[PDB]
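Positions of Cβ are backbone-derived with ideal geometry, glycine not excepted, and every protein chain shown enters the neighbour counts. Computed from the coordinates by the stated procedures, all read-outs in this text should not be read as laboratory data.
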Amino acid sequence: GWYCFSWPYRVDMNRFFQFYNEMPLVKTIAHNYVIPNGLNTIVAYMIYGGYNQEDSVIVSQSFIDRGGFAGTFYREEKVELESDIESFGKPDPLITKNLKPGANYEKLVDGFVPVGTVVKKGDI
Amino acid sequence: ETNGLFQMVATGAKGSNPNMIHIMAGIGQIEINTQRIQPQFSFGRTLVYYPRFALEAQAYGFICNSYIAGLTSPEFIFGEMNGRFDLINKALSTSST
Amino acid sequence: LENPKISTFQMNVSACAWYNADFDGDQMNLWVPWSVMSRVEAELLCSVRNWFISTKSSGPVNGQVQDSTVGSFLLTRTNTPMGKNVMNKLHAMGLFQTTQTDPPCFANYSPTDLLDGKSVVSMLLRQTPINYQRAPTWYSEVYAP
Amino acid sequence: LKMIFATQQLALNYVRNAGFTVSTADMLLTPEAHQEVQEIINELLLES
Amino acid sequence: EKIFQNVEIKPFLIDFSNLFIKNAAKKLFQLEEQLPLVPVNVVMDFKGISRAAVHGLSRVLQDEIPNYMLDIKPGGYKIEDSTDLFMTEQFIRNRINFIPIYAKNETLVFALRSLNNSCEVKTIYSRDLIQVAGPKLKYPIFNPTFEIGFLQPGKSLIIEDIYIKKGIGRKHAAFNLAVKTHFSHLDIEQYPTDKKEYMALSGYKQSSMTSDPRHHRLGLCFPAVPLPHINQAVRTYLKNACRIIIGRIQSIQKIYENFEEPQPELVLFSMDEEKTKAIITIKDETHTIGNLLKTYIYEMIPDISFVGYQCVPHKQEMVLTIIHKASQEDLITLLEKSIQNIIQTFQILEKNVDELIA
Amino acid sequence: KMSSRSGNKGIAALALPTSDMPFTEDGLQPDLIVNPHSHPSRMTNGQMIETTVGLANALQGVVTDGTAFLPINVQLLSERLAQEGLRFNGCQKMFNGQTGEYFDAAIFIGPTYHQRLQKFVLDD
Amino acid sequence: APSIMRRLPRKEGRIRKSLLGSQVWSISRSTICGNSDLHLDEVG
Amino acid sequence: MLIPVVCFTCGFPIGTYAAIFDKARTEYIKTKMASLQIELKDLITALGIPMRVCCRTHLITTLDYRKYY
Ligand SMILES: [Mg+2]
Ligand SMILES: [Zn+2]
């Protein structure tokens, strides 16, 4: 849920921000001091094909697509230069030396990946 | 013929008769190691809510209310002691086994 | 599962008794044997059909749990609240849609024939005929008075 | 195992049209029965 | 003949007689009348048609009918440097996606250029979606009263490519057209469900296992149709649902008529008791077509040994098994007759739609 | 993973589109289809009472405080449900989504606060 | 510093971790979930 | 952050009337203020929102981000 209201400024790790939250239809005094995190889902207590057996739930695909419990998950990458010899840059194709097989290595404008760019598994 | 909870309990699908009796009629007596709640709070007091050397059955873990009727504060405290004892035993299970 | 949006390991509910698992968030390791020797051994020795009968207690571990138990009760009970527990030809035919076995023969039944709740079970059990005679868990002396 | 699966599918497909549910009214005692329960508990309290 | 008894259309209109509603509307949109697009609740009575067909029409109109949504082209959301921090592309794209648009042209492209120079939190309403593409909107395709994301002071929000995408609501819920508002069978008696003894039952006096209703009342609500063009839009929706059903059924019929040449969609066996088993496997086919086929096959072949379908949630396919006491040619001819019965049923439904709503 | 406020966890494993979701004659359909077997042993009556109260609150358009140890009369809440136009229990006449066939037994469907536990499957 | 003999005992030691157990390749782990349309001897 | 553009459960476009409704509810609470004793049933239905548990549930309970940040 809304864990912190300054999330865009912070650089958080393994932090999930949920776009939509609702006050419970049956609220308690604990919500006078904390922010509710969760939606007032219409839930049918029924057997529907045996896909909810043993603590499973059948979720409406439309509910998922409409933003139900959907937010953004944040991870960050961070390292520090060991010494002067270390610097941030797209690597020297001429020198190269010990490098990484695969490891696309492109998209590193001025050594970094520009904002708004999708980074896949192998990308650098 | 139509009660879902009873049909779950009776056919053995899930639950037991004590669960149904607790939910609808009344919890009854709380036992921690086959004995009532011992007066741990003070010398002869089971809880702050009950007088010293209390003799009513409620003071030692007797829950008159059912789960559906709602448990009062000391009844809930006794139920929490029993439940926490169960959680402690379950956690002991993995290590000792 | 060729749906790319699914990432969970999916198992039949009745297969949980082998691993004492539930779906409250449990995780289970899975590895595929790639060598010929391990593949042969896995299919011939470690197949879960071997562990249908418990080594510990010599009884069966698997069976119907929860919705299958109560569903079987509803299917085989004599009287629904609306009346006798019967279904037309189409719904008796539809009970066998998802069993994946060879469906039985309903040519003997007109569309208006009311197939009993136990007749459809007997249609399935005919492939593996057995003899069984016990009191059900439904009949209990506590509830009886 | 095959018969477990097939009987499971018969049960589930029957439930698909019979429907099964649990309600808060399934746990609700009629007031006269509530009085009977309270009288039973009062008997226990009388013995104590 | 009479397969669509009587329709009725009640648009959901704002009741300005409530003082608060009118005051707020005039305050923050300067609105004093009904919006250009309003949701209408169409209630249909179908008589003499099987439940499978009525429910298939309902399911098609719910999600399996093509529909349009507003979407952002890849790169439409401009990163810039002073964009709002809280209005991420995911959140705003979700807000824009589910805006119910009644668009007759796909060449329209909108842009969202919002600036908050002031020191307050300015909200972006859908009237700020300016359109720069194709033909100018003679009538708007969405209400200008939606709450797209808000902007912090000094923060802007630019989305330079908002385009109209097409798809079925089965894959993405933003195409979901008709919401359900009613379903009932008029040929089955109902208990007084308020009473305690019938309280735990469905209400119908016939078990679902045995009952075979032929008279139904289906009520669907459509989210956005133009105010002056309500009835014609409803007619187009219903006729398009009939088109979709008929087209899928006709594709199935094409696979059927191509049975002479072995094709992977249809296989045939010769069972040991002279029976021939027909297996039809169709990828990405929903319960609609399968249930229609099963119901109609069983309706015309009462003494069929077995007909059943299974749309497993995985494998994303419909499998229909037919076992009968007839030769392969006879079985194929019969099931093609059933297919033609389905086609006729939906053609009659569409003719009734044309001559009923008017 | 997904849970209610009564501590009833559940893995969501089924994505049913809107057409396949079961519905009522009112038109209401669930977002989550919780198995009724989760109740009798877990004994989470709070979730059921919360559903019953939320059914009446949503119709009245209010939000009610359901804090612990507040005076609770389930019989009176069910009477209130009846007075709101629903049945004495929260049950409704429900139609199977895929086949369009009504269930023989009315199905208890109503709002219930549900939370998304931060145990994403893609993470682990 | 941990000497040679400290490497052996306890769970994290050489024996109870590297010898009696092992880490392996070509193995996957995930959350389980129900699937009523799978045979008992099938996994999704 | 905002009231959803469409009801999560059924996709009814409550987001159309959400912007009117928050203001209407604010004036409604001002004319009377328990905190949530008010019955917004008539206020909600005046906007065209039908008698659906889901739409009203998601309309009257969604938290607005601007009211918190
Ligand atoms: Mg577990
Ligand atoms: Zn809704």
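Quick rundown of the values:
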| item | result |
| --- | --- |
| Kirkwood Rh, Cα atoms: Rg over Rh of segment E:230-300 | 1.11 |
| Once exposed loop trypsin sites (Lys or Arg not before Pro) are cut out (DSSP; at most 15 other Cβ, 10 Å), longest piece of chain G | G:12-44 |
| As computed over segment F:1-83, the Cα convex hull volume per residue (Å³) | 134 |
| Straight-distance crosslink candidates among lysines, where the alpha carbon sits under 23 Å from C:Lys5 and sequence neighbours closer than 8 are dropped | A:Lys120, A:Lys121, E:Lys73, E:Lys165, E:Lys166, E:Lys171, E:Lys283, E:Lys315, F:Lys1, F:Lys9, F:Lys119 |
| 10 Å Cβ shell holding at most 14 others, DSSP loop, GluC sites (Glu not before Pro): longest site-free stretch of chain E | E:275-358 |
| Whole-number Å³ per residue for the convex hull built on Cα positions in the protein assembly as shown | 253 |
| Euclidean distance of C-alpha centroids, segment A:1-67 and segment E:296-326, integer Å | 40 |
| Chymotrypsin sites (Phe, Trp or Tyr not before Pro) lying in DSSP loop within segment B:4-97, provided at most 16 other Cβ fall within 10 Å | B:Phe41, B:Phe43, B:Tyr49, B:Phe53 |
| Anchor H:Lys30: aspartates and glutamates whose Cα lies under 20 Å away (excluding residues fewer than 8 positions away in-chain) | H:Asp22, H:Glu39, H:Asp42, H:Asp64 |
| For segment C:38-145: rounded, prolate or oblate by the Cα gyration tensor [a/c cutoff 1.5] | oblate |
| Percent RCO, i.e. relative contact order, over chain B, from Cα pairs under 8 Å lying at least 6 residues apart | 24 |
| Chain B: GluC sites (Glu not before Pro) in DSSP coil with no more than 10 other Cβ atoms inside 10 Å | B:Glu1 |
| Cα-based radius of gyration of chain H once divided by 2.2 N^0.38 Å, which approximates compact folds | 1.07 |
| Gain upon complete extension [E:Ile79, E:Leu28; 0.36 nm per residue less C-alpha separation] | 15.5 nm |
| For chain E: span of alpha carbons on each principal axis (Å, largest first) | 83, 52, 41 |
| Selection of trypsin sites (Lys or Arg not before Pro), segment A:1-50, meeting DSSP coil and at most 14 other Cβ within 10 Å | A:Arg10 |
| D_trans [Stokes-Einstein, Kirkwood Rh over alpha-carbon pairs] for segment A:46-109, 37 °C, 0.692 mPa s, µm² s⁻¹ | 184 |
| Residues whose placed amide H lies under 5 Å from that of F:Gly90, excluding near-sequence neighbours | D:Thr24, D:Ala25 |
| Eligible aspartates and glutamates near A:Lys97 by straight Cα distance, threshold 16 Å, same-chain separation 8 or greater | A:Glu86 |
| Calculated from backbone phi, Karplus (6.51, -1.76, 1.60) coupling profile of segment B:48-54 in Hz, x at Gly/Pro | 5, 7, 10, x, 5, 6, 5 |
| Relative contact order of segment E:100-238, defined on C-alpha pairs under 8 angstrom at six or more residues apart (%) | 24 |
| Intensity falloff of chain A expressed as log10 I(q)/I(0), Debye formula with alpha-carbon point scatterers, at q = 0.14 Å⁻¹ | -0.87 |
| Calculated from backbone phi, Karplus (6.51, -1.76, 1.60) coupling profile of segment H:53-59 in Hz, x at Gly/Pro | 4, 5, 5, 5, 4, 7, 8 |
| Average beta carbon contacts from partner chains per residue of B:21-28, 10 Å cutoff | 4 |
| Rounded to whole Hz, the Karplus (6.51, -1.76, 1.60) HN-Hα couplings of segment E:16-31, x for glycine and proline | 5, 4, 6, 4, 5, 4, 5, 4, 5, 4, 5, 6, 10, 10, 6, 9 |
| Exercise: per-residue mean of other protein chain Cβ atoms within 10 Å, F:45-54 | 6 |
| Calculated log₁₀ intensity ratio I(q)/I(0) where the Debye formula runs over C-alpha points of segment E:275-358, q = 0.11, 0.18, 0.20, 0.21 Å⁻¹ | -0.35, -0.79, -0.91, -0.96 |
| Normalised contact order of chain C, rounded percent, pairs of Cα under 8 Å and 6 or more residues apart | 17 |
| log₁₀ of I(q)/I(0) at q = 0.17, 0.19 Å⁻¹ - chain B, Debye sum with one point per alpha carbon | -0.86, -0.97 |
| Peptide E:94-105, shielding by other chains (average Cβ, 10 Å cutoff) | 4 |
